[PDB]
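**Q** One structure coming up, written as structure tokens, with questions to follow.
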Number of protein chains: 2
Amino acid sequence: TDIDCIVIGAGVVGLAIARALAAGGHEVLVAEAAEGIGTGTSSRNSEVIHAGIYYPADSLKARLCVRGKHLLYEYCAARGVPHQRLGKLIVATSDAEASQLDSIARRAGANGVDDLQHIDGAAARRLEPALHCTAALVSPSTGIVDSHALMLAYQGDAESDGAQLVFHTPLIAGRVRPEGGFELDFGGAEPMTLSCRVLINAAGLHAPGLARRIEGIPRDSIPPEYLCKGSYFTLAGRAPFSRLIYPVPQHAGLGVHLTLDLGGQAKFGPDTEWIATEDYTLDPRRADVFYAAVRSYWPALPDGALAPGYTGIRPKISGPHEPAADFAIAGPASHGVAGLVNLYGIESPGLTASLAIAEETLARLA
Amino acid sequence: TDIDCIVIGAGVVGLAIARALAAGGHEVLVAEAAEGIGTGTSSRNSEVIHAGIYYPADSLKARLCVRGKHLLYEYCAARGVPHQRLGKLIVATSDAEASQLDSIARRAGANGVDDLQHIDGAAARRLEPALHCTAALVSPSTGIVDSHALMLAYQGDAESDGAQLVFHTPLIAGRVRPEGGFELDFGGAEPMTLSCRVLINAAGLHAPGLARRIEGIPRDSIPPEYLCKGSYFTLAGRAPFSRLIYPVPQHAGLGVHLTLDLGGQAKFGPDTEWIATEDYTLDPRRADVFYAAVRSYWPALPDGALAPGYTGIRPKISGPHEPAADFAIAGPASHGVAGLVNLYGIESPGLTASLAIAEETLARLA
Ligand SMILES: Cc1cc2nc3c(=O)[nH]c(=O)nc-3n(C[C@H](O)[C@H](O)[C@H](O)COP(=O)(O)OP(=O)(O)OC[C@H]3O[C@@H](n4cnc5c(N)ncnc54)[C@H](O)[C@@H]3O)c2cc1C
Ligand SMILES: Cc1cc2nc3c(=O)[nH]c(=O)nc-3n(C[C@H](O)[C@H](O)[C@H](O)COP(=O)(O)OP(=O)(O)OC[C@H]3O[C@@H](n4cnc5c(N)ncnc54)[C@H](O)[C@@H]3O)c2cc1C
């Protein structure tokens, strides 16, 4: 018999969607190619709860980041998911950069982020004794979250509403059925075929390629699949700052974020590296260029202190010389396929936006 | 513009093409994402020089395997590339399988493979004392090759004719210029954009995805990109057979090949496992089902003797329930794009066919 809804991918976004579908009374099967939940791009990010500052007005990134932030802070408090509203400084390290702050704060305001504080460098140093900057914007609503815990929590909720998750179960090929619904061929060690009424393609890095593997999805609707890797490095011995530090959006060349984990340890990154294949191997040498970038706002960074961290890969749907694409949530109104939502290019701030992306997917599926 | 011919991929097929274009007088640049040559599917295969036996009549696999074999044996002998014409038995392990051998031999003959010997089980045992079968076909032209040495030889040839190879240089995005030629965005330590007159996409597992990242290549022309992994297990010590041993194609369930390397060690596999992502991790549990399959023809396979080997992934352009697609060699006559050849689905016997694939690529380019 048909399963009602199949969600492909058990990342944070796939799980938020499964959770929403199951809460709506639908039978849900989540198929994940990996051996567990949240091993993918949901385990290789900064884990920052973003405020919604610099996304373009009315973009999905802007709307879903701000809505998602509110839903997520409430969810974390309600469910006891570890998180901290520790705040962030966007720091200007030259007079030219300091001049950029006013417009950045106005963009945030227009997105519904109305708590930014514009302060001078001396004020910023009062807040953060180790910090060297010309001026800053304080973003008090920016936080951090344990994304693994968040994933498990979404999973728990969905299961409580009858969802079933099946691991090491890769979707290989599918077809839109003439009569409606989908027929799906799964691979791995135990290949099998299942059919369903609703299909959610939340496959992340692989969503566009996977859509191309489903007969009946228009090929002109599917974006190209690019990969933009990011590497993080860690700092042993407890952090020099109590808030996240971000250079200005338009900072020239490499902008190194200083972020914090829940245990209080600082990490640096991610950088940007366009690559041809899905390769998570950490190149420790990529830290070399971090030093001068970080020392612009934290000159006390010691030599050799940037220890190997980890990598992630962003799902890109536009190329290295194009302006960044918005999130793509493609439902029947754009591709013409009843019962299908493809999600493409859910890079940052996808974790922050996750519960809002779930809302929007259901809205579009309708 | 910058560059006459650019070849994407330094696997055995990309190198054969680069060698042919350079020999034809073209300035050639080969761009490879990895650090050296042949680190892709060209490093994870059986290394068998196939005879041309079972491929569909008039297919590219049939024609290029047979032509390729003759060119390859000549090349190896002329240049000193290590190889062995060891021969192969196709073995029937039941009365029903034995009844299939005549039609297999007829197919081979139609493909231009005229040297198969149809013999009984006793005769087969005289050749291979450890074999248990009802009947067999001997394929004396089947062999094995040192594929790394082969690729180094191809590279040397191309370089002798002016070719340049650049590594850690992934092609990220590109576009077809309306006036002809291509503009290509490369990553790596120093990202750069280059233009060229001729573009050969020999990107293997990623060829279809890469084609989709080149604006101007008709999207309907580009097949889906599937991945079909295969696992191998090795046998420590003395090999039981002096020829390769293949069960008949229509063998029920898993057919396990027994092949030999140039050092005389036996290995078993590969199996078939359709997967979602490029993961080469060997799962030792996959050997469990090999035992019964191998024992159909080598019942003396000892308990526990299947040691972890390695895996490879086949580039597929048709799905698990479709007939195996032919090699894809997609020039201007098919997609309309001047100076472009895309190679897709170059799985086995692509190593054997490599020099013939290069011939066909140049023919189709022109
Ligand atoms: C370096 C980096 C830093 C980031 N930092 C932040 C941040 O600080 N704050 C923030 O809000 N966001 C951040 N993000 C974004 C956030 O990490 C992602 O938006 C989020 O994890 C995406 O989750 P997802 O479910 O869409 O994708 P994924 O976690 O990638 O899940 C997709 C799943 O699909 C599975 N899959 C793929 N193909 C198949 C198939 N054929 N069959 C079955 N399963 C399949 C995969 O195994 C995977 O588990 C960052 C992203 C990156 C890359
Ligand atoms: C398990 C297995 C066993 C096999 N056994 C046999 C056999 O016994 N006999 C036989 O004849 N054939 C066999 N084959 C087939 C043979 O291995 C292949 O046909 C051959 O290796 C393919 O070579 P290639 O150059 O097309 O691909 P590859 O070797 O995969 O080369 C593609 C190259 O492109 C590069 N690349 C990808 N994307 C980019 C990018 N965007 N930019 C720059 N570079 C990029 C990759 O890094 C890679 O090096 C086997 C195949 C498999 C999977």
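Just so we're on the same page: first chain in the structure tokens is A, next is B, and so on; residues restart at 1 for each chain, and ligands are numbered from 1 in the order they show up.
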Skipping near chain neighbours, those fewer than 4 positions away, what residues fall within 7 Å of stretch 308-321 of chain B using only C-alpha atoms, listed as a ChimeraX atom specification?
**A** /A:173 /B:41,44-45,204-205,223-234,280,282,284,325,345-347
**Q** Deliver the residues from the most recent selection as a file, using N, CA and C atoms, as a PDB file, in the first residue's frame.
**A**
ATOM      1  N   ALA A 173      16.219   5.950  -7.537  1.00  0.00           N
ATOM      2  CA  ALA A 173      15.477   6.399  -8.691  1.00  0.00           C
ATOM      3  C   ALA A 173      14.019   6.432  -8.305  1.00  0.00           C
TER       4      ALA A 173
ATOM      5  N   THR B  41      37.738   6.356 -10.444  1.00  0.00           N
ATOM      6  CA  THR B  41      37.307   4.987 -10.753  1.00  0.00           C
ATOM      7  C   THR B  41      38.456   4.207 -11.388  1.00  0.00           C
ATOM      8  N   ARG B  44      40.102   1.995  -8.846  1.00  0.00           N
ATOM      9  CA  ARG B  44      39.242   1.085  -8.077  1.00  0.00           C
ATOM     10  C   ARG B  44      38.466   0.125  -8.976  1.00  0.00           C
ATOM     11  N   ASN B  45      39.185  -0.658  -9.778  1.00  0.00           N
ATOM     12  CA  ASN B  45      38.535  -1.567 -10.706  1.00  0.00           C
ATOM     13  C   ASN B  45      39.256  -2.909 -10.680  1.00  0.00           C
ATOM     14  N   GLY B 204      33.845  11.364 -15.344  1.00  0.00           N
ATOM     15  CA  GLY B 204      33.527  10.081 -14.697  1.00  0.00           C
ATOM     16  C   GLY B 204      32.213  10.068 -13.934  1.00  0.00           C
ATOM     17  N   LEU B 205      32.284   9.681 -12.666  1.00  0.00           N
ATOM     18  CA  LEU B 205      31.111   9.670 -11.799  1.00  0.00           C
ATOM     19  C   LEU B 205      30.355  10.993 -11.818  1.00  0.00           C
ATOM     20  N   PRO B 223      21.963  12.964 -18.990  1.00  0.00           N
ATOM     21  CA  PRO B 223      21.280  11.890 -18.271  1.00  0.00           C
ATOM     22  C   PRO B 223      21.385  12.082 -16.751  1.00  0.00           C
ATOM     23  N   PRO B 224      20.556  11.358 -15.984  1.00  0.00           N
ATOM     24  CA  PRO B 224      20.679  11.355 -14.527  1.00  0.00           C
ATOM     25  C   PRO B 224      22.007  10.725 -14.148  1.00  0.00           C
ATOM     26  N   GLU B 225      22.504  11.051 -12.961  1.00  0.00           N
ATOM     27  CA  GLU B 225      23.793  10.562 -12.506  1.00  0.00           C
ATOM     28  C   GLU B 225      23.544   9.600 -11.346  1.00  0.00           C
ATOM     29  N   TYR B 226      23.759   8.303 -11.582  1.00  0.00           N
ATOM     30  CA  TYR B 226      23.587   7.311 -10.529  1.00  0.00           C
ATOM     31  C   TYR B 226      24.945   6.744 -10.122  1.00  0.00           C
ATOM     32  N   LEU B 227      24.965   6.070  -8.981  1.00  0.00           N
ATOM     33  CA  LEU B 227      26.199   5.502  -8.444  1.00  0.00           C
ATOM     34  C   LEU B 227      25.957   4.054  -8.076  1.00  0.00           C
ATOM     35  N   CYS B 228      26.773   3.154  -8.612  1.00  0.00           N
ATOM     36  CA  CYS B 228      26.604   1.744  -8.295  1.00  0.00           C
ATOM     37  C   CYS B 228      27.927   1.195  -7.791  1.00  0.00           C
ATOM     38  N   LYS B 229      28.028   1.083  -6.473  1.00  0.00           N
ATOM     39  CA  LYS B 229      29.244   0.659  -5.811  1.00  0.00           C
ATOM     40  C   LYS B 229      29.473  -0.846  -5.952  1.00  0.00           C
ATOM     41  N   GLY B 230      30.737  -1.251  -5.881  1.00  0.00           N
ATOM     42  CA  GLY B 230      31.088  -2.663  -5.937  1.00  0.00           C
ATOM     43  C   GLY B 230      32.181  -2.905  -4.917  1.00  0.00           C
ATOM     44  N   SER B 231      32.042  -3.979  -4.140  1.00  0.00           N
ATOM     45  CA  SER B 231      33.040  -4.342  -3.141  1.00  0.00           C
ATOM     46  C   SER B 231      33.848  -5.580  -3.551  1.00  0.00           C
ATOM     47  N   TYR B 232      35.142  -5.567  -3.205  1.00  0.00           N
ATOM     48  CA  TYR B 232      36.048  -6.684  -3.468  1.00  0.00           C
ATOM     49  C   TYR B 232      36.612  -7.223  -2.170  1.00  0.00           C
ATOM     50  N   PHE B 233      36.852  -8.528  -2.144  1.00  0.00           N
ATOM     51  CA  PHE B 233      37.531  -9.152  -1.014  1.00  0.00           C
ATOM     52  C   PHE B 233      38.725  -9.943  -1.522  1.00  0.00           C
ATOM     53  N   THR B 234      39.792  -9.994  -0.735  1.00  0.00           N
ATOM     54  CA  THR B 234      41.015 -10.595  -1.240  1.00  0.00           C
ATOM     55  C   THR B 234      41.251 -11.954  -0.597  1.00  0.00           C
ATOM     56  N   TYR B 280      33.491   5.341  -0.286  1.00  0.00           N
ATOM     57  CA  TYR B 280      34.290   4.141  -0.606  1.00  0.00           C
ATOM     58  C   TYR B 280      34.540   3.222   0.586  1.00  0.00           C
ATOM     59  N   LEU B 282      34.685   0.345   2.943  1.00  0.00           N
ATOM     60  CA  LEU B 282      34.423  -1.093   2.787  1.00  0.00           C
ATOM     61  C   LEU B 282      33.645  -1.644   3.982  1.00  0.00           C
ATOM     62  N   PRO B 284      32.841  -5.023   5.637  1.00  0.00           N
ATOM     63  CA  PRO B 284      33.262  -6.424   5.615  1.00  0.00           C
ATOM     64  C   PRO B 284      32.088  -7.397   5.641  1.00  0.00           C
ATOM     65  N   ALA B 325      22.486   0.991 -19.543  1.00  0.00           N
ATOM     66  CA  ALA B 325      22.738   1.901 -20.658  1.00  0.00           C
ATOM     67  C   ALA B 325      24.122   1.660 -21.282  1.00  0.00           C
ATOM     68  N   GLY B 345      28.617   7.595 -18.349  1.00  0.00           N
ATOM     69  CA  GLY B 345      28.356   6.168 -18.102  1.00  0.00           C
ATOM     70  C   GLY B 345      29.504   5.306 -18.585  1.00  0.00           C
ATOM     71  N   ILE B 346      30.719   5.825 -18.442  1.00  0.00           N
ATOM     72  CA  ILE B 346      31.871   5.033 -18.899  1.00  0.00           C
ATOM     73  C   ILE B 346      32.344   4.061 -17.802  1.00  0.00           C
ATOM     74  N   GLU B 347      31.528   3.033 -17.566  1.00  0.00           N
ATOM     75  CA  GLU B 347      31.819   2.012 -16.580  1.00  0.00           C
ATOM     76  C   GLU B 347      32.586   0.916 -17.313  1.00  0.00           C
TER      77      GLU B 347
END
**Q** Around ligand 1, out to 6 Å and counting only C-alpha atoms and all ligand atoms, which residues are there? I want them as number ranges by chain.
**A** A: 8-14, 31-34, 38-42, 44-50, 169-172, 202-206, 230, 270, 312-314, 346-352; B: 276
**Q** Print the selection's residues with C-alpha atoms to a file, as a JSON list (two decimals), in the first residue's frame.
**A**
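Output contents, as saved in out.json:
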[["chain", "number", "residue", "atom", "x", "y", "z"],
["A", 8, "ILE", "CA", 14.14, 11.95, 1.83],
["A", 9, "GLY", "CA", 16.89, 13.04, 4.24],
["A", 10, "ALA", "CA", 17.12, 13.11, 8.03],
["A", 11, "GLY", "CA", 19.02, 16.35, 8.39],
["A", 12, "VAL", "CA", 17.65, 19.14, 10.55],
["A", 13, "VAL", "CA", 15.40, 20.39, 7.76],
["A", 14, "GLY", "CA", 14.13, 16.96, 6.68],
["A", 31, "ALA", "CA", 14.54, 7.58, 4.39],
["A", 32, "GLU", "CA", 18.17, 8.45, 5.17],
["A", 33, "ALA", "CA", 21.18, 7.14, 3.20],
["A", 34, "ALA", "CA", 23.60, 7.45, 6.15],
["A", 38, "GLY", "CA", 22.13, 14.44, 11.23],
["A", 39, "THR", "CA", 25.49, 13.20, 10.00],
["A", 40, "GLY", "CA", 25.47, 15.51, 6.96],
["A", 41, "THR", "CA", 25.50, 19.29, 6.63],
["A", 42, "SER", "CA", 23.60, 19.34, 9.91],
["A", 44, "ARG", "CA", 29.22, 20.50, 9.99],
["A", 45, "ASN", "CA", 28.09, 24.08, 10.75],
["A", 46, "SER", "CA", 28.73, 26.88, 13.32],
["A", 47, "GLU", "CA", 25.51, 26.09, 15.12],
["A", 48, "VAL", "CA", 24.65, 29.80, 15.20],
["A", 49, "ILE", "CA", 21.05, 30.92, 15.75],
["A", 50, "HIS", "CA", 21.08, 33.87, 13.34],
["A", 169, "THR", "CA", 18.26, 3.50, 2.89],
["A", 170, "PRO", "CA", 19.32, 5.57, -0.14],
["A", 171, "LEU", "CA", 16.73, 6.70, -2.69],
["A", 172, "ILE", "CA", 18.17, 5.84, -6.11],
["A", 202, "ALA", "CA", 15.19, 17.28, 1.55],
["A", 203, "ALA", "CA", 18.42, 15.66, 0.38],
["A", 204, "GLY", "CA", 20.64, 18.72, 0.91],
["A", 205, "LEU", "CA", 23.83, 18.67, -1.17],
["A", 206, "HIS", "CA", 22.16, 16.04, -3.31],
["A", 230, "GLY", "CA", 33.99, 25.46, 4.63],
["A", 270, "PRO", "CA", 34.16, 28.67, 8.08],
["A", 312, "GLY", "CA", 31.20, 21.24, 6.12],
["A", 313, "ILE", "CA", 29.90, 21.63, 2.58],
["A", 314, "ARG", "CA", 27.24, 24.17, 1.55],
["A", 346, "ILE", "CA", 19.29, 25.26, 2.07],
["A", 347, "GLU", "CA", 22.66, 26.54, 3.25],
["A", 348, "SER", "CA", 23.02, 29.01, 6.13],
["A", 349, "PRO", "CA", 20.82, 30.05, 7.90],
["A", 350, "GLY", "CA", 18.93, 26.77, 7.31],
["A", 351, "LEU", "CA", 19.39, 25.51, 10.87],
["A", 352, "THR", "CA", 18.02, 28.76, 12.30],
["B", 276, "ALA", "CA", 23.36, 7.93, -2.78]]
**Q** Out of B:353, B:258, B:236, B:340, which residue has the shortest atom-to-atom distance to ligand 2 when counting only C-alpha atoms and all ligand atoms?
**A**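 Checking each of B:353, B:258, B:236, B:340 against ligand 2, counting only C-alpha atoms and all ligand atoms, the winner is B:353.
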**Q** Using only C-alpha atoms, determine which residues lie at most 10 Å from stretch 151-159 of chain B, disregarding the query and same-chain residues fewer than 5 positions distant; provide the list as a PDB file with N, CA and C atoms, in the first residue's frame.
**A**
ATOM      1  N   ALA B  10      41.572  13.477 -15.331  1.00  0.00           N
ATOM      2  CA  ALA B  10      42.790  12.737 -15.649  1.00  0.00           C
ATOM      3  C   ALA B  10      42.698  11.257 -15.237  1.00  0.00           C
ATOM      4  N   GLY B  11      41.533  10.652 -15.459  1.00  0.00           N
ATOM      5  CA  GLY B  11      41.403   9.194 -15.368  1.00  0.00           C
ATOM      6  C   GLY B  11      41.907   8.562 -16.651  1.00  0.00           C
ATOM      7  N   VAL B  12      41.780   7.244 -16.770  1.00  0.00           N
ATOM      8  CA  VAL B  12      42.325   6.567 -17.938  1.00  0.00           C
ATOM      9  C   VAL B  12      41.677   7.058 -19.233  1.00  0.00           C
ATOM     10  N   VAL B  13      40.392   7.403 -19.183  1.00  0.00           N
ATOM     11  CA  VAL B  13      39.692   7.846 -20.394  1.00  0.00           C
ATOM     12  C   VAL B  13      40.041   9.290 -20.749  1.00  0.00           C
ATOM     13  N   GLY B  14      39.997  10.183 -19.764  1.00  0.00           N
ATOM     14  CA  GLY B  14      40.468  11.542 -19.966  1.00  0.00           C
ATOM     15  C   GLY B  14      41.888  11.584 -20.504  1.00  0.00           C
ATOM     16  N   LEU B  15      42.779  10.752 -19.953  1.00  0.00           N
ATOM     17  CA  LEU B  15      44.156  10.736 -20.440  1.00  0.00           C
ATOM     18  C   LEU B  15      44.251  10.187 -21.878  1.00  0.00           C
ATOM     19  N   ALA B  16      43.514   9.123 -22.191  1.00  0.00           N
ATOM     20  CA  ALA B  16      43.526   8.599 -23.570  1.00  0.00           C
ATOM     21  C   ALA B  16      43.076   9.675 -24.564  1.00  0.00           C
ATOM     22  N   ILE B  17      42.037  10.419 -24.199  1.00  0.00           N
ATOM     23  CA  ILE B  17      41.557  11.496 -25.070  1.00  0.00           C
ATOM     24  C   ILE B  17      42.595  12.619 -25.212  1.00  0.00           C
ATOM     25  N   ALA B  18      43.179  13.040 -24.090  1.00  0.00           N
ATOM     26  CA  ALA B  18      44.199  14.081 -24.127  1.00  0.00           C
ATOM     27  C   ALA B  18      45.379  13.660 -25.020  1.00  0.00           C
ATOM     28  N   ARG B  19      45.795  12.409 -24.873  1.00  0.00           N
ATOM     29  CA  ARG B  19      46.850  11.833 -25.708  1.00  0.00           C
ATOM     30  C   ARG B  19      46.476  11.908 -27.196  1.00  0.00           C
ATOM     31  N   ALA B  20      45.245  11.536 -27.524  1.00  0.00           N
ATOM     32  CA  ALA B  20      44.806  11.594 -28.918  1.00  0.00           C
ATOM     33  C   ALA B  20      44.738  13.026 -29.467  1.00  0.00           C
ATOM     34  N   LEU B  21      44.189  13.950 -28.682  1.00  0.00           N
ATOM     35  CA  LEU B  21      44.085  15.327 -29.151  1.00  0.00           C
ATOM     36  C   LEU B  21      45.477  15.922 -29.313  1.00  0.00           C
ATOM     37  N   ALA B  22      46.371  15.656 -28.358  1.00  0.00           N
ATOM     38  CA  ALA B  22      47.730  16.200 -28.458  1.00  0.00           C
ATOM     39  C   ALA B  22      48.462  15.620 -29.681  1.00  0.00           C
ATOM     40  N   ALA B  23      48.262  14.331 -29.938  1.00  0.00           N
ATOM     41  CA  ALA B  23      48.895  13.674 -31.077  1.00  0.00           C
ATOM     42  C   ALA B  23      48.394  14.278 -32.377  1.00  0.00           C
ATOM     43  N   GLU B  27      46.968  21.960 -28.984  1.00  0.00           N
ATOM     44  CA  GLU B  27      47.372  22.362 -27.629  1.00  0.00           C
ATOM     45  C   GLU B  27      46.306  21.852 -26.652  1.00  0.00           C
ATOM     46  N   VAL B  28      46.729  21.099 -25.637  1.00  0.00           N
ATOM     47  CA  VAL B  28      45.796  20.501 -24.670  1.00  0.00           C
ATOM     48  C   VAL B  28      46.174  20.864 -23.237  1.00  0.00           C
ATOM     49  N   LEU B  29      45.173  21.235 -22.451  1.00  0.00           N
ATOM     50  CA  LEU B  29      45.327  21.356 -20.999  1.00  0.00           C
ATOM     51  C   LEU B  29      44.377  20.360 -20.374  1.00  0.00           C
ATOM     52  N   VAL B  30      44.886  19.521 -19.472  1.00  0.00           N
ATOM     53  CA  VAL B  30      44.017  18.604 -18.750  1.00  0.00           C
ATOM     54  C   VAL B  30      43.877  19.150 -17.342  1.00  0.00           C
ATOM     55  N   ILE B  37      47.130  11.853 -11.105  1.00  0.00           N
ATOM     56  CA  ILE B  37      46.343  11.163 -12.116  1.00  0.00           C
ATOM     57  C   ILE B  37      45.684   9.912 -11.550  1.00  0.00           C
ATOM     58  N   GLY B  38      44.565   9.531 -12.173  1.00  0.00           N
ATOM     59  CA  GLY B  38      43.945   8.213 -11.963  1.00  0.00           C
ATOM     60  C   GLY B  38      43.512   7.840 -10.559  1.00  0.00           C
ATOM     61  N   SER B  42      39.376   4.936 -12.004  1.00  0.00           N
ATOM     62  CA  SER B  42      40.535   4.284 -12.629  1.00  0.00           C
ATOM     63  C   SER B  42      41.490   3.624 -11.622  1.00  0.00           C
ATOM     64  N   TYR B  75      49.663  -1.520 -27.517  1.00  0.00           N
ATOM     65  CA  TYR B  75      50.246  -0.439 -26.745  1.00  0.00           C
ATOM     66  C   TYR B  75      51.102  -0.979 -25.603  1.00  0.00           C
ATOM     67  N   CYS B  76      50.560  -1.935 -24.857  1.00  0.00           N
ATOM     68  CA  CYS B  76      51.275  -2.430 -23.682  1.00  0.00           C
ATOM     69  C   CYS B  76      52.574  -3.097 -24.097  1.00  0.00           C
ATOM     70  N   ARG B  79      55.176  -0.436 -25.413  1.00  0.00           N
ATOM     71  CA  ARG B  79      55.699   0.512 -24.416  1.00  0.00           C
ATOM     72  C   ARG B  79      56.243  -0.098 -23.128  1.00  0.00           C
ATOM     73  N   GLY B  80      56.013  -1.384 -22.930  1.00  0.00           N
ATOM     74  CA  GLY B  80      56.448  -2.055 -21.709  1.00  0.00           C
ATOM     75  C   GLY B  80      55.526  -1.871 -20.511  1.00  0.00           C
ATOM     76  N   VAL B  81      54.246  -1.603 -20.764  1.00  0.00           N
ATOM     77  CA  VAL B  81      53.289  -1.522 -19.670  1.00  0.00           C
ATOM     78  C   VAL B  81      52.981  -2.932 -19.177  1.00  0.00           C
ATOM     79  N   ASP B 146      48.308  -3.443 -15.629  1.00  0.00           N
ATOM     80  CA  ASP B 146      48.713  -2.466 -14.605  1.00  0.00           C
ATOM     81  C   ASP B 146      48.131  -1.114 -15.003  1.00  0.00           C
ATOM     82  N   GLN B 164      49.672  19.863 -21.257  1.00  0.00           N
ATOM     83  CA  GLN B 164      49.953  20.205 -19.859  1.00  0.00           C
ATOM     84  C   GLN B 164      48.850  19.648 -18.964  1.00  0.00           C
ATOM     85  N   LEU B 165      49.224  19.132 -17.802  1.00  0.00           N
ATOM     86  CA  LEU B 165      48.238  18.650 -16.849  1.00  0.00           C
ATOM     87  C   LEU B 165      48.318  19.523 -15.612  1.00  0.00           C
ATOM     88  N   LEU B 351      38.137   0.773 -19.233  1.00  0.00           N
ATOM     89  CA  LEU B 351      39.609   0.682 -19.191  1.00  0.00           C
ATOM     90  C   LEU B 351      40.080  -0.024 -20.467  1.00  0.00           C
ATOM     91  N   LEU B 355      41.570   3.396 -25.410  1.00  0.00           N
ATOM     92  CA  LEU B 355      42.125   3.937 -26.658  1.00  0.00           C
ATOM     93  C   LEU B 355      41.090   4.058 -27.787  1.00  0.00           C
TER      94      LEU B 355
END
**Q** With only C-alpha atoms as the basis for distance, which of A:341, A:110, A:116, A:192 is at the shortest distance from chain B?
**A**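 Comparing A:341, A:110, A:116, A:192 against chain B, the winner is A:192.
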**Q** Looking only at the backbone, which of the residues in stretch 268-340 of chain A does DSSP tag as strand (DSSP E or B), as an NGL selection string?
**A** :A and (268 or 273-275 or 307-316 or 328-330 or 340)
**Q** What is the distance between atom CA of residue A:268 and atom CA of residue A:256, in Å to one decimal?
**A**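 Straight-line distance from atom CA of residue A:268 to atom CA of residue A:256 works out to 6.2 Å.
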**Q** Quick one, how far is atom 25 (O, counted along the ligand's line) of ligand 2 from atom CA of residue B:176?
**A**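 Atom-to-atom, atom 25 (O, counted along the ligand's line) of ligand 2 to atom CA of residue B:176, that is 22.6 Å.
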**Q** Compare B:210, B:72, B:362, B:301 by their minimum atom-to-atom distance to ligand 2, counting only C-alpha atoms and all ligand atoms, and give me the closest one.
**A**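 Checking each of B:210, B:72, B:362, B:301 against ligand 2, counting only C-alpha atoms and all ligand atoms, the winner is B:210.
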**Q** With distances taken over only C-alpha atoms, which residue among B:343, B:289, B:66, B:123 lies nearest chain A?
**A**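 Of B:343, B:289, B:66, B:123, the one nearest chain A is B:289, counting only C-alpha atoms.
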**Q** Show which residues sit within 9 Å of stretch 101-108 of chain A, as an NGL selection string. Count only C-alpha atoms, and ignore same-chain residues fewer than 4 positions away.
**A** :A and (51-57 or 90-92 or 97 or 112-118 or 135-137 or 248-249)
**Q** Can you work out the spacing between atom CA of residue B:262 and atom CA of residue B:344 in Å, to one decimal?
**A** 29.3 Å
**Q** Compare B:126, B:335, B:61, B:238 by their minimum atom-to-atom distance to residue B:260, counting only C-alpha atoms, and give me the closest one.
**A**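 Between B:126, B:335, B:61, B:238, the residue approaching residue B:260 most closely is B:238.
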**Q** Using DSSP on the backbone, list every residue of stretch 72-151 of chain B that comes out as alpha helix (DSSP H), and give them as a ChimeraX atom specification.
**A** /B:72-79,95-98,101-110,121-127,147-151
**Q** Show which residues sit within 7 Å of residue A:88, as a ChimeraX atom specification. Count only C-alpha atoms, and ignore same-chain residues fewer than 4 positions away.
**A** /A:138-140,142,243-245
**Q** Looking at A:96, A:275, A:330, A:207, which one is nearest to residue A:251, with distances taken over only C-alpha atoms?
**A**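 Distance minimum relative to residue A:251 lands on A:96.
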